[PDB]
Amino acid sequence: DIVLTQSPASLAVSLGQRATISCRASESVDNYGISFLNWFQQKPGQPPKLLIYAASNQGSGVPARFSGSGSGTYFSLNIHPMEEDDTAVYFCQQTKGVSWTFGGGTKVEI
Amino acid sequence: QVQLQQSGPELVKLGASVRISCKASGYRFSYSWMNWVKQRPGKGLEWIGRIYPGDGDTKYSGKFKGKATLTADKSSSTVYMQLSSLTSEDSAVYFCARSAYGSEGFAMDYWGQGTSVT
Amino acid sequence: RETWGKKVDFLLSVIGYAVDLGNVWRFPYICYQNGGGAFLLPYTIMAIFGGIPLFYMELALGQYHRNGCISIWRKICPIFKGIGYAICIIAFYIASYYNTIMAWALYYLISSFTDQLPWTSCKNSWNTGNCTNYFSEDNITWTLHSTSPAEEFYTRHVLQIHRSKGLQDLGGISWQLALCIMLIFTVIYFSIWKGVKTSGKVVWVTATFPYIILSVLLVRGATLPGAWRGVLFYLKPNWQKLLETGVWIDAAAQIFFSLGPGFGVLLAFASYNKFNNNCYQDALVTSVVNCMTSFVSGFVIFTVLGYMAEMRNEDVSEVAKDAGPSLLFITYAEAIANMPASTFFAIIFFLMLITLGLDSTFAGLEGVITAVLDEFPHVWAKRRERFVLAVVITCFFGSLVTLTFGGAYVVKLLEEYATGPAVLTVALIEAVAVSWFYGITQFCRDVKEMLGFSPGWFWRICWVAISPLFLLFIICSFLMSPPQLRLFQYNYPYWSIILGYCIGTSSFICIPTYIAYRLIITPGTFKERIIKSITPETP
Ligand SMILES: *[C@@H]1O[C@H](CO)[C@@H](O[C@@H]2O[C@H](CO)[C@@H](O)[C@H](O)[C@H]2NC(C)=O)[C@H](O)[C@H]1NC(C)=O
Ligand SMILES: NCCc1c[nH]c2ccc(O)cc12
Ligand SMILES: NCCc1c[nH]c2ccc(O)cc12
Ligand SMILES: CCCCCCCCCCCC
Ligand SMILES: CCCCCCCCCCCC
Ligand SMILES: CCCCCCCCCC
Ligand SMILES: CCCCCCCCCC
Ligand SMILES: CCCCCCCCCC
Ligand SMILES: CCCCCCC
Ligand SMILES: CCCCCCC
Ligand SMILES: CCCCC
Ligand SMILES: [Cl-]
């Protein structure tokens with residue numbers, strides 16, 4: 001099974017500052033030009049909603065404050081304009097073959 | 001708009017089984033997968049298995065292969081998840097996520113309220 | 001009737017030697033692009049006018065002279081020796097763009113091993129957009145901007161054309177096709193290691209099940225619901241688009257690619273393995289069975305097309321908007337996907353297609369391997385190893401740009417320019433040479449003393465006035481009609497025409513190069529040079 005681990009564990013909530021979250025995909029590779037990886041957002045007491053899909057495009061009804069970069073193995077998230085309404089847990093999920101799993105969780109709290 | 005309804009809270013019993021429904025409507029039913037994630041209280045998400053309406057395939061996460069099954073229903077557009085050998089630590093929140101329209105393969109922000117068994 | 005046994009024996013012997021992948025894949029989509037019905041009659045006209053006499057002439061020349069395709073000019077016209085280099089370059093371009101179809105077929109065969117057919121599945125497998133599993137089996141409205149599951153499979157799995165924005169943007173090389181073409185070239189090199197294949201056991205057994213599989217596929221297509229809408233379009237007169245539309249050039253290209261004359265494949269096979277064994281009838285029965293196989297393939301393709309049109313609720317000629325060599329692996333895919341024994345029939349069809357492609361490739365390389373060994377019988381003929389591997393590596397290096405993600409953009413480009421006008425002008429040059437610069441009466445006396453009977457008056461008047469003028473008119477129609485290439489949601493730019501003209505020039509410029517070079521080695525005025533280059537040589 002394709003394992004997926006996240007190097008960060010906890011970040012600090014800072015207004016107008018950069019907060020990166022990276023989840024490695026060393027046991028994976030681009031299949032048909034599009035990155036089989038997504039980004040979610042699970043608020044406390046709320047179901048996980050879609051944040052960024054394919055690691056390059058923006059989801060439906062998602063503000064432009066989030067932007068995913070990287071291709072192939074390494075992937076990062078740009079949350080440069082982070083306000084106080086972005087205190088949730090972001091997960092990763094790869095869709096390469098039958099290996100659908102989730103990360104460990106990267107919450108933010110200062 | 002695509003409203004995805006679910007069942008209500010139930011009770012957990014040692015050795016019994018439950019059945020969580022997922023009525024999806026708003027788009028083409030038998031064209032996208034119906035995921036079933038498991039959110040433990042305080043822990044992170046966890047995948048169980050996917051099912052495609054049309055009796056095409058039924059995948060699992062390797063651990064939930066013999067503990068849970070997925071049955072489709074193209075008539076009422078509902079998706080069931082019958083568990084087996086329910087234990088004490090198996091009390092969590094089971095959502096119902098719908099896959100994308102093909103190439104992308106992502107959650108289309110169509111999630112249920114969550115049927116937390118207790 | 002009276003000689004049904006001998007007739008069926010000759011039919012078996014020719015279907016074991018004549019049928020190839022060309023008359024099965026190149027003909028259906030070409031006929032569909034020009035419209036069904038309005039292409040069959042011009043096809044037969046072009047055939048009976050300029051494909052049968054050239055076939056018989058090439059066979060007689062190969063049986064009499066007993067030399068390679070380039071070595072014939074060493075005893076007829078030494079000045080016209082560039083035809084050999086032209087044929088070599090034409091075959092090089094072919095093998096550069098012909099191996100792609102075999103690679104796709106072998107990839108389909110490899111992917112057709114699972115229990116669930118990949119053509120009947122579009123549930124986020126590789127890449128699917130606006131899919132429709134059942135055409136009319138679940139009461140679905142086939143709206144616009146909708147693609148079939150087999151179309152999405154061919155577009156996103158066997159070659160990833162989505163990574164390439166067109167011909168001007170060529171990405172990387174797909175390893176799934178490179179590792180396939182490597183094994184293809186490896187199994188091809190092991191079959192031409194020596195070049196002794198006259199009465200092989202493998203051919204007699206591999207030329208049997210193709211017939212029955214074609215028969216059962218035709219039966220399945222005939223008993224398919226809603227398949228009667230393709231038969232009417234395949235047998236429609238359609239005289240309105242046959243006056244000045246430029247249809248005869250496509251029929252000429254098809255009949256020249258399918259029959260064999262114009263590629264050097266008939267001369268290499270007539271140089272040996274046959275010497276006065278019922279001539280003047282073998283070419284006839286070969287052309288007959290080739291035309292019958294081509295007609296059956298076109299009928300099956302148009303039947304499946306009409307079935308898909310009745311299923312999609314659209315016109316028959318509007319199902320495949322601008323599909324080129326992609327019409328095969330879509331219609332046949334949807335045809336196999338609607339059979340009880342889907343996996344078995346699919347693997348059998350893929351195996352017979354692979355064997356047919358291999359047998360067609362072994363015939364094309366034989367026209368170039370044994371040809372150059374006559375002019376150099378002491379450095380390359382005795383070796384038999386350092387040249388076959390060399391030409392294999394050369395053809396592999398040339399067939400590497402077509403393995404790009406935009407492979408369909410290169411195959412469609414090397415389809416109408418690398419073999420369209422070049423084969424036609426080579427055939428015209430060789431025919432006018434053997435007719436005027438060699439003597440029609442000389443060839444008549446030669447075939448008389450060889451066989452024992454003179455050909456009919458229809459063949460003697462053909463090679464002198466009918467065939468040359470008709471081929472010249474075909475070349476004029478080619479030159480006066482600029483091609484208009486257009487693939488799936490893509491328009492070829494203006495430089496594509498210039499690139500195609502340049503490609504169709506290097507395979508023809510060798511003949512004038514040798515003509516100009518021949519007038520320098522021999523000294524004297526132009527008159528003696530011409531009278532020496534025109535007259536043949538003596539052993
Ligand atoms: C699948 O269908 C959608 C329909 O919207 C296609 O999306 C584009 O749709 C807009 C909406 O009118 C139009 O500009 C075109 O129809 C499409 N834009 C393009 C092609 O640039 C989408 O392209 C379709 N996907 C496939 C693979 O056919
Ligand atoms: N019908 C034989 C096709 C053909 C003609 N010339 C060829 C050269 C190479 C090849 O693979 C194939 C061919
Ligand atoms: N389908 C034949 C394409 C075609 C028509 N006219 C032509 C002239 C030159 C050439 O290379 C190609 C062509
Ligand atoms: C994964 C197994 C692939 C097996 C491919 C066999 C291909 C056989 C080709 C035979 C050509 C004559
Ligand atoms: C799906 C597998 C595609 C690659 C198949 C490779 C088969 C062996 C090729 C050996 C070439 C020397
Ligand atoms: C392919 C149709 C023409 C076949 C040859 C007919 C003439 C045979 C010699 C009289
Ligand atoms: C960008 C245009 C590339 C054209 C390649 C043509 C290859 C012909 C066979 C060598
Ligand atoms: C990503 C490109 C992979 C190419 C594999 C085949 C290489 C052939 C080199 C001759
Ligand atoms: C024996 C190796 C020959 C290579 C030829 C490359 C054109
Ligand atoms: C843009 C041209 C790319 C050629 C690749 C050949 C392997
Ligand atoms: C050795 C190449 C000769 C081209 C006319
Ligand atoms: Cl044909």
# chains A, B, ... in the order shown; residues from 1 in each chain; ligands from 1
$ interface_residues --of "chain A" --to "chain B" --cutoff "7 Å" --atoms "only C-alpha atoms" --output "PyMOL selection string"
chain A and resi 38+47+49-50+53-54+100-102+104-105
$ closest_atom_pairs --of "chain A" --to "chain C" --cutoff "12 Å" --atoms "only C-alpha atoms" --output "Markdown table"
| residue | atom | partner | partner_atom | distance |
| --- | --- | --- | --- | --- |
| A:30 | CA | C:126 | CA | 11.4 |
| A:31 | CA | C:126 | CA | 8.0 |
| A:32 | CA | C:160 | CA | 7.0 |
| A:33 | CA | C:163 | CA | 6.4 |
| A:34 | CA | C:163 | CA | 9.3 |
| A:35 | CA | C:127 | CA | 11.8 |
| A:36 | CA | C:126 | CA | 10.5 |
| A:95 | CA | C:124 | CA | 9.5 |
| A:96 | CA | C:126 | CA | 9.4 |
| A:97 | CA | C:125 | CA | 8.2 |
| A:98 | CA | C:125 | CA | 10.2 |
$ write_last_selection --atoms "C-alpha atoms" --output "short mmCIF file (atom, residue, chain, number, x, y, z; two decimals), in the first residue's frame"
data_model
loop_
_atom_site.label_atom_id
_atom_site.label_comp_id
_atom_site.auth_asym_id
_atom_site.auth_seq_id
_atom_site.Cartn_x
_atom_site.Cartn_y
_atom_site.Cartn_z
CA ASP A 30 2.50 11.21 -11.97
CA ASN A 31 0.32 8.86 -14.02
CA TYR A 32 -1.25 10.83 -16.90
CA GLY A 33 0.14 14.34 -16.53
CA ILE A 34 -2.19 15.33 -13.66
CA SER A 35 -1.14 15.00 -10.03
CA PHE A 36 -3.28 12.35 -8.30
CA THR A 95 -5.57 8.53 -6.02
CA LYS A 96 -2.93 6.44 -7.80
CA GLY A 97 -4.33 2.93 -8.15
CA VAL A 98 -6.16 1.30 -5.26
#
$ residues_around --residues "range 1-4 of chain B" --least-positions-apart "5" --cutoff "6 Å" --atoms "only C-alpha atoms" --output "PyMOL selection string"
chain B and resi 23-26+112
$ residues_near_ligand --ligand "ligand 12" --cutoff "10 Å" --atoms "only C-alpha atoms and all ligand atoms" --output "ChimeraX atom specification"
/C:19-20,22-28,31,40,43-44,47,251-259,287,290-295,297-298
$ interface_residues --of "chain B" --to "chain C" --cutoff "12 Å" --atoms "only C-alpha atoms" --output "ChimeraX atom specification"
/B:28,30-34,50-58,74-75,99-106
$ residues_near_ligand --ligand "ligand 10" --cutoff "6 Å" --atoms "only C-alpha atoms and all ligand atoms" --output "number ranges by chain"
C: 169-170, 400-401
$ closest_residue --among "C:393, C:283, C:414, C:341" --to "ligand 7" --atoms "only C-alpha atoms and all ligand atoms"
C:414
$ residues_around --residues "residue 512 in chain C" --least-positions-apart "2" --cutoff "10 Å" --atoms "only C-alpha atoms" --output "ChimeraX atom specification"
/C:79-83,508-510,514-518
$ write_last_selection --atoms "N, CA and C atoms" --output "PDB file, in the first residue's frame"
ATOM      1  N   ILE C  79      20.712   4.587 -65.985  1.00  0.00           N
ATOM      2  CA  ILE C  79      20.527   5.975 -65.572  1.00  0.00           C
ATOM      3  C   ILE C  79      19.451   6.080 -64.498  1.00  0.00           C
ATOM      4  N   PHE C  80      18.438   5.222 -64.549  1.00  0.00           N
ATOM      5  CA  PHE C  80      17.339   5.251 -63.583  1.00  0.00           C
ATOM      6  C   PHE C  80      17.628   4.368 -62.374  1.00  0.00           C
ATOM      7  N   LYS C  81      18.773   4.596 -61.731  1.00  0.00           N
ATOM      8  CA  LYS C  81      19.147   3.826 -60.553  1.00  0.00           C
ATOM      9  C   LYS C  81      18.700   4.476 -59.250  1.00  0.00           C
ATOM     10  N   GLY C  82      18.356   5.764 -59.275  1.00  0.00           N
ATOM     11  CA  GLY C  82      17.854   6.431 -58.084  1.00  0.00           C
ATOM     12  C   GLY C  82      16.520   5.907 -57.592  1.00  0.00           C
ATOM     13  N   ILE C  83      15.817   5.119 -58.411  1.00  0.00           N
ATOM     14  CA  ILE C  83      14.559   4.519 -57.979  1.00  0.00           C
ATOM     15  C   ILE C  83      14.787   3.587 -56.797  1.00  0.00           C
ATOM     16  N   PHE C 508      12.176  11.395 -53.355  1.00  0.00           N
ATOM     17  CA  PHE C 508      11.993  11.432 -54.799  1.00  0.00           C
ATOM     18  C   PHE C 508      13.180  12.113 -55.470  1.00  0.00           C
ATOM     19  N   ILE C 509      13.874  12.980 -54.727  1.00  0.00           N
ATOM     20  CA  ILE C 509      14.987  13.742 -55.281  1.00  0.00           C
ATOM     21  C   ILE C 509      16.198  12.882 -55.610  1.00  0.00           C
ATOM     22  N   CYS C 510      16.210  11.617 -55.181  1.00  0.00           N
ATOM     23  CA  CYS C 510      17.353  10.754 -55.466  1.00  0.00           C
ATOM     24  C   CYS C 510      17.447  10.410 -56.948  1.00  0.00           C
ATOM     25  N   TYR C 514      20.726  11.084 -59.229  1.00  0.00           N
ATOM     26  CA  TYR C 514      21.475  10.077 -59.971  1.00  0.00           C
ATOM     27  C   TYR C 514      21.465  10.359 -61.469  1.00  0.00           C
ATOM     28  N   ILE C 515      20.395  10.973 -61.980  1.00  0.00           N
ATOM     29  CA  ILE C 515      20.357  11.341 -63.394  1.00  0.00           C
ATOM     30  C   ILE C 515      21.443  12.365 -63.701  1.00  0.00           C
ATOM     31  N   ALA C 516      21.568  13.383 -62.848  1.00  0.00           N
ATOM     32  CA  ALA C 516      22.611  14.385 -63.037  1.00  0.00           C
ATOM     33  C   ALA C 516      23.998  13.808 -62.784  1.00  0.00           C
ATOM     34  N   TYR C 517      24.114  12.855 -61.855  1.00  0.00           N
ATOM     35  CA  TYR C 517      25.413  12.252 -61.572  1.00  0.00           C
ATOM     36  C   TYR C 517      25.847  11.297 -62.677  1.00  0.00           C
ATOM     37  N   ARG C 518      24.890  10.672 -63.368  1.00  0.00           N
ATOM     38  CA  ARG C 518      25.239   9.722 -64.419  1.00  0.00           C
ATOM     39  C   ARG C 518      25.825  10.418 -65.642  1.00  0.00           C
TER      40      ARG C 518
END
$ residues_near_ligand --ligand "ligand 3" --cutoff "9 Å" --atoms "only C-alpha atoms and all ligand atoms" --output "number ranges by chain"
C: 30, 246, 249-250, 253, 415-422, 475-485, 497, 500-505
$ write_last_selection --atoms "N, CA and C atoms" --output "tab-separated table (two decimals), in the first residue's frame"
chain	number	residue	atom	x	y	z
C	30	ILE	N	-9.89	5.65	-44.84
C	30	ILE	CA	-9.75	6.43	-46.07
C	30	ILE	C	-11.06	6.45	-46.84
C	246	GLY	N	-11.59	15.53	-56.02
C	246	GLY	CA	-10.29	14.95	-55.71
C	246	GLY	C	-10.38	13.67	-54.91
C	249	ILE	N	-7.35	10.39	-55.97
C	249	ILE	CA	-6.00	10.36	-55.42
C	249	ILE	C	-5.94	9.47	-54.18
C	250	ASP	N	-6.99	9.50	-53.36
C	250	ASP	CA	-7.02	8.65	-52.18
C	250	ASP	C	-7.16	7.18	-52.56
C	253	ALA	N	-3.71	6.09	-53.78
C	253	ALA	CA	-2.81	5.83	-52.66
C	253	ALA	C	-3.16	4.52	-51.97
C	415	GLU	N	1.38	9.99	-43.12
C	415	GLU	CA	0.47	9.08	-43.81
C	415	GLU	C	0.14	9.52	-45.23
C	416	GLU	N	-0.07	10.82	-45.45
C	416	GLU	CA	-0.47	11.33	-46.75
C	416	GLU	C	0.67	11.99	-47.52
C	417	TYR	N	1.84	12.17	-46.90
C	417	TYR	CA	2.97	12.82	-47.55
C	417	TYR	C	4.14	11.89	-47.81
C	418	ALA	N	4.38	10.91	-46.93
C	418	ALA	CA	5.52	10.01	-47.11
C	418	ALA	C	5.25	8.92	-48.13
C	419	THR	N	3.99	8.67	-48.48
C	419	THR	CA	3.66	7.62	-49.43
C	419	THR	C	2.61	8.02	-50.46
C	420	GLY	N	2.10	9.25	-50.42
C	420	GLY	CA	1.06	9.66	-51.33
C	420	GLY	C	1.56	9.89	-52.75
C	421	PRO	N	2.39	10.92	-52.94
C	421	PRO	CA	2.87	11.22	-54.30
C	421	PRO	C	4.14	10.47	-54.66
C	422	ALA	N	4.91	10.04	-53.65
C	422	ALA	CA	6.21	9.43	-53.91
C	422	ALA	C	6.06	8.07	-54.60
C	475	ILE	N	-0.78	12.43	-60.62
C	475	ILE	CA	0.23	13.29	-60.02
C	475	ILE	C	-0.16	14.76	-60.14
C	476	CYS	N	-0.74	15.14	-61.28
C	476	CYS	CA	-1.20	16.52	-61.45
C	476	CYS	C	-2.31	16.85	-60.46
C	477	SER	N	-3.23	15.91	-60.24
C	477	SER	CA	-4.28	16.12	-59.26
C	477	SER	C	-3.72	16.21	-57.84
C	478	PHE	N	-2.69	15.42	-57.54
C	478	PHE	CA	-2.01	15.53	-56.25
C	478	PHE	C	-1.40	16.91	-56.08
C	479	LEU	N	-0.69	17.40	-57.10
C	479	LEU	CA	0.01	18.67	-56.99
C	479	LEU	C	-0.95	19.85	-56.97
C	480	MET	N	-2.11	19.73	-57.62
C	480	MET	CA	-3.07	20.82	-57.71
C	480	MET	C	-4.09	20.81	-56.58
C	481	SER	N	-3.96	19.90	-55.61
C	481	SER	CA	-4.89	19.82	-54.49
C	481	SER	C	-4.12	19.84	-53.18
C	482	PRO	N	-4.01	20.98	-52.51
C	482	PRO	CA	-3.32	21.03	-51.22
C	482	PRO	C	-4.10	20.27	-50.16
C	483	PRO	N	-3.43	19.42	-49.39
C	483	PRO	CA	-4.13	18.65	-48.36
C	483	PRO	C	-4.62	19.54	-47.23
C	484	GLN	N	-5.65	19.05	-46.53
C	484	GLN	CA	-6.26	19.74	-45.39
C	484	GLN	C	-6.33	18.75	-44.24
C	485	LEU	N	-5.26	18.68	-43.45
C	485	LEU	CA	-5.22	17.77	-42.31
C	485	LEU	C	-5.86	18.40	-41.09
C	497	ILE	N	2.10	21.94	-44.18
C	497	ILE	CA	2.09	21.63	-45.60
C	497	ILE	C	3.51	21.67	-46.16
C	500	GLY	N	5.34	18.58	-44.98
C	500	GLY	CA	4.94	17.41	-45.74
C	500	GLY	C	5.50	17.41	-47.15
C	501	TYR	N	5.57	18.59	-47.78
C	501	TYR	CA	6.17	18.69	-49.11
C	501	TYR	C	7.66	18.37	-49.06
C	502	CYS	N	8.35	18.81	-48.00
C	502	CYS	CA	9.76	18.49	-47.86
C	502	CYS	C	9.98	17.01	-47.59
C	503	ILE	N	9.08	16.39	-46.82
C	503	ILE	CA	9.18	14.96	-46.57
C	503	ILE	C	8.95	14.17	-47.85
C	504	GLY	N	7.95	14.57	-48.64
C	504	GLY	CA	7.67	13.93	-49.91
C	504	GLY	C	8.61	14.31	-51.04
C	505	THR	N	9.70	15.00	-50.74
C	505	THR	CA	10.69	15.40	-51.74
C	505	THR	C	12.01	14.65	-51.60
$ residues_around --residues "residue 24 in chain A" --least-positions-apart "3" --cutoff "12 Å" --atoms "only C-alpha atoms" --output "list in words"
residues 2, 3, 4, 5, 6, 7, 8, 21, 27, 28, 29, 37, 70, 71, 72, 73, 74, 75, 76, 77, 91, 92, 93, 94, 102, 103 and 104 of chain A
$ residues_near_ligand --ligand "ligand 7" --cutoff "7 Å" --atoms "only C-alpha atoms and all ligand atoms" --output "list in words"
residues 93, 96, 167, 168, 170, 398, 399, 401, 410 and 414 of chain C
$ write_last_selection --atoms "N, CA and C atoms" --output "short mmCIF file (atom, residue, chain, number, x, y, z; two decimals), in the first residue's frame"
data_model
loop_
_atom_site.label_atom_id
_atom_site.label_comp_id
_atom_site.auth_asym_id
_atom_site.auth_seq_id
_atom_site.Cartn_x
_atom_site.Cartn_y
_atom_site.Cartn_z
N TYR C 93 10.63 5.49 -44.27
CA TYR C 93 9.55 6.30 -43.73
C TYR C 93 8.37 5.43 -43.29
N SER C 96 9.10 3.79 -40.21
CA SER C 96 9.09 4.82 -39.18
C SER C 96 7.69 5.09 -38.67
N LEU C 167 0.96 19.49 -32.89
CA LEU C 167 2.20 19.05 -33.53
C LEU C 167 3.39 19.90 -33.11
N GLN C 168 3.16 21.18 -32.82
CA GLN C 168 4.24 22.07 -32.41
C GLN C 168 4.68 21.86 -30.97
N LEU C 170 5.62 18.72 -28.64
CA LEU C 170 5.87 17.30 -28.46
C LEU C 170 6.53 17.08 -27.11
N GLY C 398 14.41 6.22 -36.19
CA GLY C 398 13.46 7.03 -36.93
C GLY C 398 12.03 6.91 -36.45
N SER C 399 11.68 5.80 -35.80
CA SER C 399 10.35 5.58 -35.26
C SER C 399 10.26 5.96 -33.78
N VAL C 401 10.28 9.44 -32.80
CA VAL C 401 9.53 10.69 -32.69
C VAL C 401 8.03 10.43 -32.75
N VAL C 410 1.84 12.82 -35.48
CA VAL C 410 2.91 12.46 -36.40
C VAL C 410 2.50 11.36 -37.37
N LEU C 414 2.76 11.67 -41.46
CA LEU C 414 3.55 10.75 -42.27
C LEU C 414 2.70 9.77 -43.05
#
$ residues_near_ligand --ligand "ligand 8" --cutoff "10 Å" --atoms "only C-alpha atoms and all ligand atoms" --output "mmCIF file with N, CA and C atoms, in the first residue's frame"
data_model
loop_
_atom_site.group_PDB
_atom_site.id
_atom_site.type_symbol
_atom_site.label_atom_id
_atom_site.label_comp_id
_atom_site.auth_asym_id
_atom_site.auth_seq_id
_atom_site.Cartn_x
_atom_site.Cartn_y
_atom_site.Cartn_z
ATOM 1 N N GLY C 171 5.865 16.316 -26.243
ATOM 2 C CA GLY C 171 6.376 16.056 -24.914
ATOM 3 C C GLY C 171 7.412 14.953 -24.869
ATOM 4 N N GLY C 172 7.389 14.156 -23.804
ATOM 5 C CA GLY C 172 8.328 13.070 -23.640
ATOM 6 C C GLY C 172 7.915 11.830 -24.414
ATOM 7 N N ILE C 173 8.592 10.728 -24.098
ATOM 8 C CA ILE C 173 8.355 9.438 -24.736
ATOM 9 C C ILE C 173 7.689 8.518 -23.724
ATOM 10 N N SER C 174 6.568 7.919 -24.118
ATOM 11 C CA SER C 174 5.857 6.994 -23.245
ATOM 12 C C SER C 174 6.620 5.679 -23.157
ATOM 13 N N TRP C 175 6.958 5.269 -21.932
ATOM 14 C CA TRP C 175 7.706 4.029 -21.748
ATOM 15 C C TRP C 175 6.862 2.806 -22.088
ATOM 16 N N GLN C 176 5.542 2.893 -21.906
ATOM 17 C CA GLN C 176 4.676 1.758 -22.209
ATOM 18 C C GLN C 176 4.684 1.422 -23.694
ATOM 19 N N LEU C 177 4.936 2.410 -24.552
ATOM 20 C CA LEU C 177 5.060 2.162 -25.982
ATOM 21 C C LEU C 177 6.494 1.872 -26.398
ATOM 22 N N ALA C 178 7.476 2.455 -25.706
ATOM 23 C CA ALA C 178 8.873 2.188 -26.031
ATOM 24 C C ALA C 178 9.245 0.746 -25.713
ATOM 25 N N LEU C 179 8.874 0.267 -24.521
ATOM 26 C CA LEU C 179 9.143 -1.120 -24.158
ATOM 27 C C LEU C 179 8.375 -2.102 -25.031
ATOM 28 N N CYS C 180 7.284 -1.661 -25.658
ATOM 29 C CA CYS C 180 6.536 -2.521 -26.567
ATOM 30 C C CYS C 180 7.193 -2.571 -27.940
ATOM 31 N N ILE C 181 7.594 -1.412 -28.466
ATOM 32 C CA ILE C 181 8.246 -1.382 -29.771
ATOM 33 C C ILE C 181 9.618 -2.039 -29.699
ATOM 34 N N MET C 182 10.254 -2.036 -28.524
ATOM 35 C CA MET C 182 11.519 -2.747 -28.369
ATOM 36 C C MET C 182 11.329 -4.246 -28.572
ATOM 37 N N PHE C 396 14.435 2.030 -35.860
ATOM 38 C CA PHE C 396 13.993 2.314 -34.498
ATOM 39 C C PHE C 396 14.287 3.759 -34.113
ATOM 40 N N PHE C 397 15.453 4.276 -34.513
ATOM 41 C CA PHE C 397 15.773 5.672 -34.233
ATOM 42 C C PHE C 397 14.855 6.619 -34.994
ATOM 43 N N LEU C 400 11.137 6.844 -33.318
ATOM 44 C CA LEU C 400 11.115 7.306 -31.938
ATOM 45 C C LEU C 400 10.350 8.608 -31.759
ATOM 46 N N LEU C 403 6.611 7.965 -31.219
ATOM 47 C CA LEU C 403 6.244 7.446 -29.909
ATOM 48 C C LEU C 403 5.997 8.549 -28.889
ATOM 49 N N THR C 404 6.028 9.809 -29.314
ATOM 50 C CA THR C 404 5.759 10.925 -28.424
ATOM 51 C C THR C 404 4.298 10.897 -27.974
#
$ residues_near_ligand --ligand "ligand 4" --cutoff "12 Å" --atoms "only C-alpha atoms and all ligand atoms" --output "mmCIF file with C-alpha atoms, in the first residue's frame"
data_model
loop_
_atom_site.group_PDB
_atom_site.id
_atom_site.type_symbol
_atom_site.label_atom_id
_atom_site.label_comp_id
_atom_site.auth_asym_id
_atom_site.auth_seq_id
_atom_site.Cartn_x
_atom_site.Cartn_y
_atom_site.Cartn_z
ATOM 1 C CA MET C 102 1.568 -2.694 -34.451
ATOM 2 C CA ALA C 103 2.691 -1.138 -31.162
ATOM 3 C CA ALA C 105 -2.241 -3.408 -31.337
ATOM 4 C CA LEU C 106 0.226 -5.144 -29.015
ATOM 5 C CA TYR C 107 -0.571 -2.657 -26.241
ATOM 6 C CA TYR C 108 -4.269 -3.440 -26.713
ATOM 7 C CA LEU C 109 -3.434 -7.154 -26.547
ATOM 8 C CA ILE C 110 -1.479 -6.659 -23.313
ATOM 9 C CA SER C 111 -4.244 -4.538 -21.760
ATOM 10 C CA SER C 112 -6.929 -7.055 -22.829
ATOM 11 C CA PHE C 113 -5.820 -9.717 -20.317
ATOM 12 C CA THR C 114 -7.980 -8.685 -17.347
ATOM 13 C CA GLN C 176 4.676 1.758 -22.209
ATOM 14 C CA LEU C 179 9.143 -1.120 -24.158
ATOM 15 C CA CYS C 180 6.536 -2.521 -26.567
ATOM 16 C CA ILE C 181 8.246 -1.382 -29.771
ATOM 17 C CA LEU C 183 10.041 -6.244 -28.083
ATOM 18 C CA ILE C 184 8.391 -5.795 -31.493
ATOM 19 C CA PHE C 185 11.720 -4.975 -33.150
ATOM 20 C CA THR C 186 13.387 -7.812 -31.223
ATOM 21 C CA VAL C 187 10.882 -10.411 -32.438
ATOM 22 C CA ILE C 188 11.094 -8.936 -35.951
ATOM 23 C CA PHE C 190 14.760 -12.800 -34.978
ATOM 24 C CA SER C 191 12.446 -13.696 -37.881
ATOM 25 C CA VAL C 202 3.957 -21.263 -39.006
ATOM 26 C CA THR C 206 -1.406 -18.624 -38.811
ATOM 27 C CA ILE C 347 -7.408 -11.742 -27.492
ATOM 28 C CA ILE C 348 -7.891 -13.809 -30.660
ATOM 29 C CA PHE C 350 -5.454 -8.959 -31.238
ATOM 30 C CA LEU C 351 -3.293 -12.032 -31.875
ATOM 31 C CA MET C 352 -4.369 -12.328 -35.515
ATOM 32 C CA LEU C 353 -3.854 -8.584 -36.021
ATOM 33 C CA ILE C 354 -0.359 -8.802 -34.510
ATOM 34 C CA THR C 355 0.515 -11.776 -36.723
ATOM 35 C CA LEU C 356 -0.811 -9.982 -39.814
ATOM 36 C CA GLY C 357 1.194 -6.861 -38.982
ATOM 37 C CA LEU C 358 4.327 -8.941 -38.441
ATOM 38 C CA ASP C 359 3.841 -10.750 -41.759
#
